[PDB]
Structure formats: C-alpha cells, structure tokens
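I have placed the structure first, in the form of structure tokens, so that the comments after it can refer back to it.
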Amino acid sequence: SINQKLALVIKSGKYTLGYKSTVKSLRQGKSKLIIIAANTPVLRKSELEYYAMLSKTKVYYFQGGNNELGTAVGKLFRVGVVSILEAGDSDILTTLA
Amino acid sequence: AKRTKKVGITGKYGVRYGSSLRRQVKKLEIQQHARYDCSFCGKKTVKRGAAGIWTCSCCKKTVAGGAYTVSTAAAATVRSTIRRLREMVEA
Amino acid sequence: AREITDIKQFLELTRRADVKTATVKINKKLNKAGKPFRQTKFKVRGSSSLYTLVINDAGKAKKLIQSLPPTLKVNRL
Amino acid sequence: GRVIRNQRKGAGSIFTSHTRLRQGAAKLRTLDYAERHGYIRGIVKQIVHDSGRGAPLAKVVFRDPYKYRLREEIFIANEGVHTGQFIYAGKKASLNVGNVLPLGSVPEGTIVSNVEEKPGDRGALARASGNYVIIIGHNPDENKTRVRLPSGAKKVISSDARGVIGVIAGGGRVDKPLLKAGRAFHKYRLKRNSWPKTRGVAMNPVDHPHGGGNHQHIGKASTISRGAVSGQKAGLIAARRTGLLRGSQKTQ
Amino acid sequence: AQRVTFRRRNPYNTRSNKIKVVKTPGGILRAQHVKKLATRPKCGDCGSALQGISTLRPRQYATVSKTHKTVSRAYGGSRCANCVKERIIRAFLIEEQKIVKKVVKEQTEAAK
Amino acid sequence: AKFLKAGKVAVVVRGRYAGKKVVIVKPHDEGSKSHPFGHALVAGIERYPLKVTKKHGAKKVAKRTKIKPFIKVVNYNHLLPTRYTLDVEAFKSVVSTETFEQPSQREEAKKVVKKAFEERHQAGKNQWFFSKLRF
RNA sequence: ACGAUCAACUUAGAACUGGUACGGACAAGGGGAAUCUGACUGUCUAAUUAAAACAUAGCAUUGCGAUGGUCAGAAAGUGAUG
RNA sequence: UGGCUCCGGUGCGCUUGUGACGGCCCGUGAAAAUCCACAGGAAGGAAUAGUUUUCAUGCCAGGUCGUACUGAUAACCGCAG
RNA sequence: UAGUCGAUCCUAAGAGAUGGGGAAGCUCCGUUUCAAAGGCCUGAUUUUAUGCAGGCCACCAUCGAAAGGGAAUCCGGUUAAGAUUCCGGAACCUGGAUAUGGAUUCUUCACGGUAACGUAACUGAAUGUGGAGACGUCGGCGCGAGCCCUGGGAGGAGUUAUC
C-alpha cells in the first residue's frame, strides 16, 4: 500500500531522516513531501505543519508511531518525521498527497 | 548462566514463605520491576515507583496506571468502552 | 584581604583620605630555583580591607617608596 | 470489668490517623457557575503518591475565574492520565478518561468514579484504587440517576452530582501477597494504630467478652445483635448468615 | 594523632553541626564548623538546574549583584532556555492557529 | 518553495532578544567566513510601543510610543519565519555586513531603523509586528 | 610494537632447614539419626515462668453507601476512624 | 642578636564530606519563617543635567539572658564518696 | 566579659485564647471555627498636625524543637580560675544615613555573543508564578580533606661492648 511505496522511494530516491535535517531541507525548499509519525508531540507536529504551509509542501500523516515509521523506511532506529525530496520509480508525490 | 531453576527474583526470599506465595509474588514482581514502552516518546523507559505511578526516565511524563503493570486488564477495556460510548454522541 | 597588580591604582588609594596607615614589608625569597632576592609588599589600610601591592623588582620599589605622600604614616618593617 | 479495645479506639488518643505526609484532601472542584453551565480546563502538573492511600493523586491546576491567580486542586487520579493532559470540568465537557461530568450528561454503561452522593460534596463514592461505579439507568423525571456501587449495592442519586470518567489508578494492589510481618507493619504505620490485632480469645475476661478459659474458646455464640449495648459488640455484628459462603455470582 | 573537639555547645552529629578538621597556623588540628551545602536553582518545569546563577544559601542572594542571579533572556533566572523556547513556539503557533479559528467561522456561518 | 526572502517577519527564539519580532533585511542561506552556517541579518525592536488610549495627553503619548530597535545576526535555527511580511525598501541598503564591527556604524543603523519603525507605527499598516507577543 | 623507567601488593609453585613443629600466645563451630511441638524474623510476665504462649503473613466470616457501620462525651451550634 | 622553617611520593589504608548512579517498598521517606528570581506594566526620570545606594568607596549602631567546673567504679539519680 | 556561640525568630506532633455553644457550677467543646474579626504604598500638605479623597489586598491570635529550619568570624597570644566572648591583627552580616566616583542617558531607562550565556554597574509598584529553606535508607565507584605510611634535605635528643 504505502509501505511498499516507501521502500521503493527509500531504495530508488532521495530522502532525509530526523527533525533538524527536515527543517534544514524545508527552509531551502528542497522538501517535496514530509511524513510525520503519530506519536510525535503536538508542538512538534504543529511546528512542522506551519513550516509546510510556508513552503507549500504537502503533508502525509502516518498511521502508527515513530517505531513503525522507523521499520517502514528500512532503518532500525526510530524516526519522527521523514522528508522525501526526490521520488524514485513511484509517484507518491502525485498519488494522494 | 541461569543461576536459579524456577524461583528467579523471589529467590531473594529464600526458603521462607511457602511455595505458592513466592510463585504469586514472582508473577507480580516480573511485571513490577519490568521496563515498559512509553506511549509518547516511543522509548522503552517507563519504570514505576509509588504504587500506581509510572514515571518515564526520559520525557518527564508520569502515567497514573495500575499498581504493578502500566494499564491493568480491567482498565484497558474501559477506555474501549469509552470509545464505544463517545461515538454515539455525534453518530 | 585584597591584592592589587596596578601601581597607579595603589597611588589612587594612598590619597583616598581614609587611608591613615601604610606599611612596607621586605621579604627574602628565591627566584626560579637559584637565587635569593628581595621582595617587597606595600600594604595600605583601607577602612574595610587591607590592600597590598607585591613588587619583586626593587628598581620600582625605591621609586615607589619615594612616591608615597608624606602625610601618610608608614610602618617600615 | 475493664474497658475493651474497640471501646478504647473512640477517645482518639493514639488511634487517630497519621496524617503528616498526606498531600491534602482528595476532593473535586467546588461546584461554581463555570462547572454547571460550561466547562473549564485544568492542566495536570504532577501526579503524586499519597501516604496511606492506594491510589495516586493528581494535582490539577485551574484558573480562578474571578481573580487572576491559579488554584491547585487534588483529584484522585484515574488510570491513564498522563501529565500535561487537559482535564475539562463541567456540564458540556466531553466524555474522555479523566474528565469530570454531571451524571445526567453521560449514557448508561459509563464507568465513572469519585462520584458525589449529593451534588457538591466533592467526591464521596468510589475513591479507592481499582473501584468504579457504573451508571445503569437514568430517570429524567425529577433528574435522578441509578448507578451500581463497587459493593454491588444499586443506588439512586441525583443527576447533578459529578463523577470523573474512568477507573481509579493503582488497581490490583491486593493481588500481591504481603509476605512478611514487617511489610504489614510498614503498611499500617501510615494509616492508624490498628496492628497487631490480638485475638480476644487469647486474653482475660477483663480485657474482652471472649476472654479467658482453660481452653481458648469463644464461650457463647459469637454473633452479637445489632441492638446490643456498645461494649458487647465484639464478635460478629448482626450476622444474617455465617459460615463459608456458597452460591454463584451475578445475582438477581 | 591529634583528637579534636566540637567548638560550639552542641554535641550531636546533626545536619547543622558538621565538622571539618583543619591544620591551623599554630600547627595543631582544630575543628571547623561547616555550613550546609547550597543547592542550585532549578527550573520549575523540567527540574534541571538552570545555569548562570550562583548557587548560594537563600539569604546569601541579597548580598550579591543582580548579574549573578539572572541571565539575559526573557524568563531569565526563572526558567531554563529550552522551556522558554517551547513557550515561544507554542505561544506563537496557537495565536496563529486561533486566527484560523477566526477565518473558518466567517465562512461556515455565512454558507449556512 | 523558498520563504526566507528579504521581507519576511520572524520571531527570535534564542538569545537576549528571544520572543521579539524581527524582519530579515539580508538573508545568507550559504554562509560566510565568520558565522559558518546559514545566518541572517535581522532588524527588530527591543521594547514594544505601549498601549496608548483615548485619554492620554499628546506628550504622554510620546513616552508610550517610543521604540528601541536592534540589528542582529541570527542563525536560521533561531527564527520562526511566518506568513506576515514587512516592506523593507526604506533601509534595504543601509543594514549590511559592512554596517557591523567598528560599532559606531551600528548606532547610525539603529537611528534609521527606529525612525522607519516609528513612521510605520503611524498610519498603522502592519499592526501585528508592533504588538508584544505575550508568552 | 618495542626501548628506557617506576610503585603496589596479591596469587600459584619449587628446593633447603628446624629435637614432625608451624591458625605455636591471643582469637576461635562439636557433629550425626530421629520423635513431639510452633512455620519462620519478631514479642511479653522490668525483681523466680522467654515457652509449644502472643504476634505474623495466609485463609475465611460479619456489619456499613454517610440524613451511615464501630466507638467516645455529663452535655453541646460536640468528637475518634476521617 | 641571629638562622632555618624546603622539595616530594603512594593507597581495596582509616575516618569524613560530596558527585553521578544503582537496589528497596500494598513503607516512595516534615512544615513554616526567611530570602531570591521572572512575568507584569502603574509611576517617575532626559542632557547644561535629571536620574543611579540589588556597582566601588566612606560613615554610624548592634540591646537582653546564659558562658566557671564535673558529665561520673568520689561533682547526675539510686538514703551514701 | 560576645553584633558573629546559643537562647531571641519559625513552624512540627500538640497546647491554647477570641467569636460562639454547653454546664447548677468548678469549667467543658472548638481554633477558622454559623463573628460587621485589619493593616498595607501613592496622592491631600504648605489652616494639614500628617487627617482626608481613593486605588488596592484578606490573610484571620498566641504558644511549641538552647539535638529540626536559620543573616553574620577566624588565626595567634593571654590568667591562680575566662575565652570562637578578652588583647593584637584580619574579616563578614543586618539596620540606617548620606555623599564622592564610576555607569546610563538628545537610540531618555547598557551593550557583546549565531547560541548556551557574559560583562564592576546597567529604573521599575499592585498582582501572579517559579526556586531555595526542603530533607529516607542501603550498595559499590570517582574526587577532595585530615590522619597514617614513606624518600631526599635542614636542625635537637637517645643508643654505641659490637653493629
């Protein structure tokens, strides 16, 4: 569904992980999509929802906490928010975002 | 190795207190002294003190919970009951 | 209780109209590992603390003893 | 001949409670205009251990609506209230675990606790850990509500009384054995002077009505009437039956 | 060795009556009564000790200048920086979000 | 895309000026020799103009409507950018990297920034920038 | 992977030797097979009883939903549990 | 009247103070005075000089009562050294 | 022989007035209680002495710990007997006064640092909030102090029949 698409992007596209790196890639306007985990704090989620409407970047909420998002992108650690800056073979920028 | 065959932590009590009572205290000390998942920060750092209190080591939170486990089985159904009851107010 | 590194600050203190007593002490200490030489300490008595001035090279010390105001009562050693 | 122990716990000399390390009373919010017309939001700063109480408290802090200051109030924490949760007291407050609502505003089957008997006595019924009442019916004529207490006694109260949603934190506290005597000592050193309990058969007839003998035996029948004189009531009081109970649960 | 005595007239080992043993310029060991150790000021929110503040006993703070009791932020000597940072971010974003709550009800109330 | 253009309003979130609204007069997204990161030159106000009301006499209006400005270098991680804006073309060429150290030029910048913000406080376009963010 | 160089004691073994001694003084467990009894740690008859007695955790019973159950007060616009 | 009063080293050492931890709990282990800080913005203040004693220095004053000695096989209680 | 030690001040478990309620009464209950339970800074001054025109705030006796909380000192000397008290020197705290500098200011109430924060100073009332006072016990580890042990060196005493 969405996790197979994240695997195809994570093996065939360009991404970034973390919060500070997504804010640095989002101020520079390179960020094409952000995926935010469910158990992020709501202050953090509102600060990423506010930077996105300054940069017109679409936001996809992720059902499931940061552990499942860490498992989804092929990594082992946890990740609160992922920013896709280049898509791969898939078209998740233009599917339903 | 595995130093005790079947007592575990209740081997600190020793020869005293019967067998069924030490088995029963073992069942709840394996829940009590365990380290649980924090639902917010996602880190397995929830430990307890002060029965009914579950302080996360990081993250500064504190969940009032069950006395030996984070949410006891007769409580976690109750919120699901609330999930049944709050939906009828709108639809 | 205090120590002063500046010379002109010490000369500002000697004319502060509360300082009635000063004293000059001559210590006999040894430089780096070899030699005995003559250290001097100028101690002026302010009304709260006792200010001092540590002079190791006595070629400044003879000029500074001459540079004290003569109305100041000086205890020599 | 002598005054016996239960007659002696009433003067309140050494049998008084041990309240030094207790945080305060565990009341609800004093019912005012904001709570019986709208809602009011308090943040939970610090859920704390109460000394002598199985449940943990919750120090919810509210904004004083009439003077600029903050009033701190000590609820009994329901199970699953993380700190930083907004707790909404009042009539129009939504139904989430930790909010405190009038009983006429909830549907039946709702598992609430710390519920008032009369509207405004600030938390009388269902306060100890694990317990809860269950609203089993409404009677909207003369605004009554029919609930089920933790003992299994059904009771009709007024629908202006307030209950906080959810079971009480600290549940399952007496499922663990208390293996040693010192652990019961350190339990009862923070409540009152009611431990160790000497058996009344083990003492003399001056000390107790069961006292004395060449064998340790009760004497006459150990069930004492409800209408006996204060001083005989040492045994079983007004027992309608006795013996090891027999019968399945969920009675009519 | 040289065995030492209390100097005051309190013979018990309380928290006020502590002892350090000092060699004095007469050569002899002698006791010194030591005040209780001062603790750092803490944040009221996260409990961490907040820095830039001299750690003194509570009536010592009236003998000191104001720059040993303060840092140069808003909420200077009271809250640590991160918490202050958070209560700017939140206290900005809600007072942007609330404006969204004033722009929705100009339209939903008008399209009814 | 890019939203750190030279007219954006930001809120300073770190430092002595934390919680004070500024405008980015000259961005540096790449960085310089000093400040080895993406910094910016902002101009803001240190003391907000107080709430004058209908009943103040005119002279007591003045000592309420004063403005104490500041120019500052600030990292991009120490600003909240926002959707509000402010026209900076009055003092766009005044505040630059050359306006810094040899600090006597900083006060020459502060006078121009103070006069610009007071003249924008009259005829009260950009009302939001002049009100204290209460936190 | 070395060279120089410096302080600690701990452990293991080998010879040699003593009128076969050597934890040389001091210090310092007697042990086993069972029965009756109380489970235990604990506690009391301070000036004859320290126990199998009392307590204990464990089990079970009874009363009571506060205009309440147990109890105090000579009363009270009283009080203990609370 | 003179000299010297100097240079070092080690530690499962003893005692003591503390820092960060870790175990314990159906025990999670005082209160008030006192002092400080921040938020807040009343009020007051410019330069021919008004503001500043939570900056440096200076000045003045700190009252009452106890204070000796033993604290024990002779100073206390046990009739008594 | 005390500004610095303690008592003094604070509250703890508790005691105990006032308002009230009993009791024939001696006295009993209760302590924030069915009580109209008091002070605080600015203006009015140049009848005004410090009253009055307001703006506020409401706690609500008092006692109770020379082992708990707490503002402030040390060394050396000294007597037949006192010393953290006296004497010499060196400090610190609280309260009150006023000046001299320095600082700020026509950007009237400071600048620097990206920041964490720093600078001898660098207005700020009512009201509110936070911190300190404020804290169990056990275990090992790190650091520090004093003692102990030890080397070289600079003195004085003892041993020497031998070493």
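By convention in this document, the chains of the structure tokens carry letters A, B, ... by their order, each chain's residues are numbered from 1, and ligands are numbered from 1 in the order they are shown.
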
Item to check | Residue list for chain C near chain H as an MDAnalysis selection string, 10 Å, only C-alpha atoms (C1' of nucleotides) | outcome: chainID C and resid 16:18 46:48

Item to check | Within 8 Å of region 169-185 of chain D using only C-alpha atoms (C1' of nucleotides), minus same-chain residues under 5 positions, as a count of residues only | outcome: 29

Item to check | Spatial neighbours of residue 223 (chain D), max dist 10 Å, only C-alpha atoms (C1' of nucleotides), sep filter under 5 positions, as JSON, numbers by chain | outcome: {"D": [233, 234, 235, 236, 237, 238, 239, 240, 241, 242], "G": [62]}

Checklist entry - Interatomic distance between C1' of residue 38 (chain H) and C1' of residue 125 (chain I)? => result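 Computing it gives 15.8 Å between the two atoms.
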
Report as a Markdown table the residues of chain E within 10 Å of chain H, each with its shortest atom pair and distance in Å (one decimal), using only C-alpha atoms (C1' of nucleotides), ordered by chain and increasing residue number.
```
| residue | atom | partner | partner_atom | distance |
| --- | --- | --- | --- | --- |
| E:18 | CA | H:17 | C1' | 9.2 |
| E:19 | CA | H:16 | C1' | 8.6 |
| E:20 | CA | H:16 | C1' | 7.9 |
| E:21 | CA | H:16 | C1' | 9.1 |
| E:37 | CA | H:18 | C1' | 9.4 |
| E:41 | CA | H:37 | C1' | 9.6 |
| E:53 | CA | H:37 | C1' | 9.9 |
| E:57 | CA | H:35 | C1' | 8.6 |
| E:58 | CA | H:35 | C1' | 4.9 |
| E:59 | CA | H:35 | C1' | 4.5 |
| E:60 | CA | H:35 | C1' | 7.7 |
| E:61 | CA | H:36 | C1' | 5.9 |
| E:62 | CA | H:54 | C1' | 7.1 |
| E:63 | CA | H:54 | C1' | 8.0 |
| E:64 | CA | H:54 | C1' | 7.3 |
| E:65 | CA | H:54 | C1' | 5.9 |
| E:66 | CA | H:54 | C1' | 5.9 |
| E:67 | CA | H:54 | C1' | 9.6 |
| E:69 | CA | H:37 | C1' | 7.0 |
| E:70 | CA | H:37 | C1' | 7.3 |
| E:73 | CA | H:38 | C1' | 9.9 |
| E:74 | CA | H:38 | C1' | 7.8 |
| E:75 | CA | H:38 | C1' | 5.1 |
| E:76 | CA | H:38 | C1' | 6.4 |
| E:77 | CA | H:37 | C1' | 5.4 |
| E:78 | CA | H:38 | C1' | 5.2 |
| E:79 | CA | H:38 | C1' | 7.9 |
```

Would you mind exporting the chosen residues as a tab-separated table (two decimals), in the first residue's frame, restricted to N, CA and C atoms?
```
chain	number	residue	atom	x	y	z
E	18	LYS	N	28.13	20.05	61.48
E	18	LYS	CA	29.15	19.27	60.80
E	18	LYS	C	30.54	19.80	61.10
E	19	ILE	N	31.54	18.97	60.83
E	19	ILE	CA	32.92	19.20	61.24
E	19	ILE	C	33.85	18.94	60.07
E	20	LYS	N	34.74	19.89	59.82
E	20	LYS	CA	35.93	19.68	59.01
E	20	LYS	C	37.12	19.76	59.96
E	21	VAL	N	38.18	19.02	59.68
E	21	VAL	CA	39.38	19.10	60.50
E	21	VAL	C	40.43	19.88	59.75
E	37	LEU	N	25.56	22.64	52.51
E	37	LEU	CA	25.92	22.94	51.13
E	37	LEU	C	24.72	23.52	50.41
E	41	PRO	N	19.67	26.53	41.83
E	41	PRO	CA	18.28	26.79	41.45
E	41	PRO	C	17.86	25.89	40.30
E	53	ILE	N	23.54	31.04	37.29
E	53	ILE	CA	23.05	31.51	38.58
E	53	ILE	C	23.98	30.96	39.65
E	57	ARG	N	23.15	29.92	49.62
E	57	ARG	CA	22.09	29.76	50.59
E	57	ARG	C	21.08	30.90	50.40
E	58	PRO	N	19.80	30.70	50.78
E	58	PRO	CA	18.76	31.64	50.32
E	58	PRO	C	18.87	33.07	50.84
E	59	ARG	N	19.52	33.33	51.97
E	59	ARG	CA	19.69	34.72	52.35
E	59	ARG	C	21.04	35.27	51.89
E	60	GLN	N	21.88	34.44	51.28
E	60	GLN	CA	23.08	34.97	50.65
E	60	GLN	C	22.76	35.77	49.40
E	61	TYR	N	21.62	35.51	48.76
E	61	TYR	CA	21.30	36.13	47.47
E	61	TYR	C	21.01	37.62	47.60
E	62	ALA	N	20.83	38.13	48.82
E	62	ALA	CA	20.65	39.56	48.99
E	62	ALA	C	21.97	40.29	49.12
E	63	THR	N	23.08	39.57	49.22
E	63	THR	CA	24.39	40.21	49.34
E	63	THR	C	25.06	40.36	47.98
E	64	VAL	N	24.41	39.86	46.94
E	64	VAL	CA	25.05	39.64	45.65
E	64	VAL	C	24.49	40.64	44.64
E	65	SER	N	25.27	40.94	43.60
E	65	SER	CA	24.80	41.75	42.49
E	65	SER	C	23.75	41.00	41.68
E	66	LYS	N	23.11	41.72	40.76
E	66	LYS	CA	21.98	41.15	40.03
E	66	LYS	C	22.43	40.27	38.87
E	67	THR	N	23.70	40.33	38.48
E	67	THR	CA	24.13	39.56	37.32
E	67	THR	C	24.59	38.17	37.72
E	69	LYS	N	22.46	36.40	39.50
E	69	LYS	CA	21.16	35.83	39.82
E	69	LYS	C	20.24	35.76	38.61
E	70	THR	N	20.75	36.05	37.42
E	70	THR	CA	19.94	36.34	36.25
E	70	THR	C	20.74	35.93	35.02
E	73	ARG	N	17.86	36.58	29.20
E	73	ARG	CA	16.69	36.30	28.39
E	73	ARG	C	15.43	36.79	29.10
E	74	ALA	N	14.34	36.85	28.34
E	74	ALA	CA	13.02	36.85	28.95
E	74	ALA	C	12.85	35.51	29.64
E	75	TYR	N	12.27	35.53	30.85
E	75	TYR	CA	12.31	34.43	31.82
E	75	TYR	C	13.76	34.04	32.09
E	76	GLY	N	14.51	34.98	32.65
E	76	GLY	CA	15.93	34.81	32.78
E	76	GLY	C	16.38	33.84	33.86
E	77	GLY	N	16.20	34.23	35.12
E	77	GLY	CA	16.67	33.37	36.20
E	77	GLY	C	15.60	32.44	36.71
E	78	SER	N	14.50	32.31	35.97
E	78	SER	CA	13.36	31.55	36.46
E	78	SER	C	13.20	30.24	35.70
E	79	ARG	N	13.28	30.29	34.38
E	79	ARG	CA	13.10	29.10	33.56
E	79	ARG	C	14.33	28.89	32.68
```

Hey, list the chain B side of the contact with chain G: 12 Å cut-off, only C-alpha atoms (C1' of nucleotides), answer as a PDB file with N, CA, C and O atoms, in the first residue's frame.
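iface_20.pdb was written with the following content:
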```pdb
ATOM      1  N   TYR B  13      13.884 -14.231  48.630  1.00  0.00           N
ATOM      2  CA  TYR B  13      13.166 -14.547  49.858  1.00  0.00           C
ATOM      3  C   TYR B  13      13.698 -15.825  50.481  1.00  0.00           C
ATOM      4  O   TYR B  13      13.851 -15.911  51.700  1.00  0.00           O
ATOM      5  N   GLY B  14      13.989 -16.817  49.663  1.00  0.00           N
ATOM      6  CA  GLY B  14      14.677 -17.990  50.134  1.00  0.00           C
ATOM      7  C   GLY B  14      13.746 -19.144  50.414  1.00  0.00           C
ATOM      8  O   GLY B  14      12.850 -19.488  49.641  1.00  0.00           O
ATOM      9  N   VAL B  15      13.967 -19.743  51.582  1.00  0.00           N
ATOM     10  CA  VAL B  15      13.270 -20.960  51.955  1.00  0.00           C
ATOM     11  C   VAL B  15      11.937 -20.616  52.596  1.00  0.00           C
ATOM     12  O   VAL B  15      11.015 -21.437  52.617  1.00  0.00           O
ATOM     13  N   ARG B  16      11.803 -19.384  53.070  1.00  0.00           N
ATOM     14  CA  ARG B  16      10.630 -18.884  53.763  1.00  0.00           C
ATOM     15  C   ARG B  16       9.422 -18.799  52.838  1.00  0.00           C
ATOM     16  O   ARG B  16       9.525 -18.924  51.614  1.00  0.00           O
ATOM     17  N   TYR B  17       8.259 -18.609  53.464  1.00  0.00           N
ATOM     18  CA  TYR B  17       7.025 -18.031  52.944  1.00  0.00           C
ATOM     19  C   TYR B  17       6.251 -18.985  52.047  1.00  0.00           C
ATOM     20  O   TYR B  17       5.404 -18.525  51.292  1.00  0.00           O
ATOM     21  N   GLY B  18       6.498 -20.275  52.087  1.00  0.00           N
ATOM     22  CA  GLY B  18       5.745 -21.161  51.233  1.00  0.00           C
ATOM     23  C   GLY B  18       6.266 -21.187  49.817  1.00  0.00           C
ATOM     24  O   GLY B  18       7.307 -20.621  49.487  1.00  0.00           O
ATOM     25  N   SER B  19       5.522 -21.880  48.963  1.00  0.00           N
ATOM     26  CA  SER B  19       5.897 -22.017  47.553  1.00  0.00           C
ATOM     27  C   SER B  19       4.896 -21.289  46.665  1.00  0.00           C
ATOM     28  O   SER B  19       5.280 -20.638  45.690  1.00  0.00           O
ATOM     29  N   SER B  20       3.608 -21.411  46.986  1.00  0.00           N
ATOM     30  CA  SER B  20       2.581 -20.753  46.189  1.00  0.00           C
ATOM     31  C   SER B  20       2.610 -19.252  46.392  1.00  0.00           C
ATOM     32  O   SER B  20       2.315 -18.484  45.469  1.00  0.00           O
ATOM     33  N   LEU B  21       2.978 -18.813  47.592  1.00  0.00           N
ATOM     34  CA  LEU B  21       3.064 -17.384  47.842  1.00  0.00           C
ATOM     35  C   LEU B  21       4.258 -16.768  47.133  1.00  0.00           C
ATOM     36  O   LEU B  21       4.162 -15.660  46.601  1.00  0.00           O
ATOM     37  N   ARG B  22       5.391 -17.467  47.105  1.00  0.00           N
ATOM     38  CA  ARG B  22       6.538 -16.934  46.382  1.00  0.00           C
ATOM     39  C   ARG B  22       6.330 -16.978  44.879  1.00  0.00           C
ATOM     40  O   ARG B  22       6.789 -16.076  44.175  1.00  0.00           O
TER      41      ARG B  22
END
```

Checklist entry - Which parts of region 26-86 of chain B does DSSP call helix (DSSP H, G or I) when run on the backbone here, written out as a list in words? => result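 Residues of region 26-86 of chain B classed as helix (DSSP H, G or I): residues 26, 27, 28, 29, 30, 31, 32, 73, 74, 75, 76, 77, 78, 79, 80, 81, 82, 83, 84 and 85 of chain B.
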
For the residues in the current selection, export C-alpha atoms as an mmCIF file, in the first residue's frame.
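New file part.cif:
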```cif
data_model
loop_
_atom_site.group_PDB
_atom_site.id
_atom_site.type_symbol
_atom_site.label_atom_id
_atom_site.label_comp_id
_atom_site.auth_asym_id
_atom_site.auth_seq_id
_atom_site.Cartn_x
_atom_site.Cartn_y
_atom_site.Cartn_z
ATOM 1 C CA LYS B 26 7.105 -13.701 41.416
ATOM 2 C CA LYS B 27 4.212 -13.251 38.961
ATOM 3 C CA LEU B 28 3.809 -9.617 40.019
ATOM 4 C CA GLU B 29 7.462 -8.701 40.513
ATOM 5 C CA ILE B 30 8.174 -9.698 36.901
ATOM 6 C CA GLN B 31 5.552 -7.092 35.946
ATOM 7 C CA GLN B 32 6.503 -4.579 38.632
ATOM 8 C CA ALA B 73 -6.609 -5.645 32.027
ATOM 9 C CA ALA B 74 -9.778 -4.466 33.782
ATOM 10 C CA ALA B 75 -8.871 -0.877 32.912
ATOM 11 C CA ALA B 76 -7.757 -1.020 29.269
ATOM 12 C CA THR B 77 -11.175 -2.349 28.296
ATOM 13 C CA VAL B 78 -12.820 0.668 29.972
ATOM 14 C CA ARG B 79 -11.377 3.186 27.523
ATOM 15 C CA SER B 80 -12.559 0.942 24.684
ATOM 16 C CA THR B 81 -15.988 1.196 26.304
ATOM 17 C CA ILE B 82 -15.459 4.965 26.180
ATOM 18 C CA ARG B 83 -14.559 4.541 22.507
ATOM 19 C CA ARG B 84 -17.918 2.819 22.119
ATOM 20 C CA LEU B 85 -19.765 5.468 24.130
#
```

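For chain F, the residues no farther than 8 Å from chain A when using only C-alpha atoms are residues 1, 2, 3, 4, 29, 82 and 83 of chain F.
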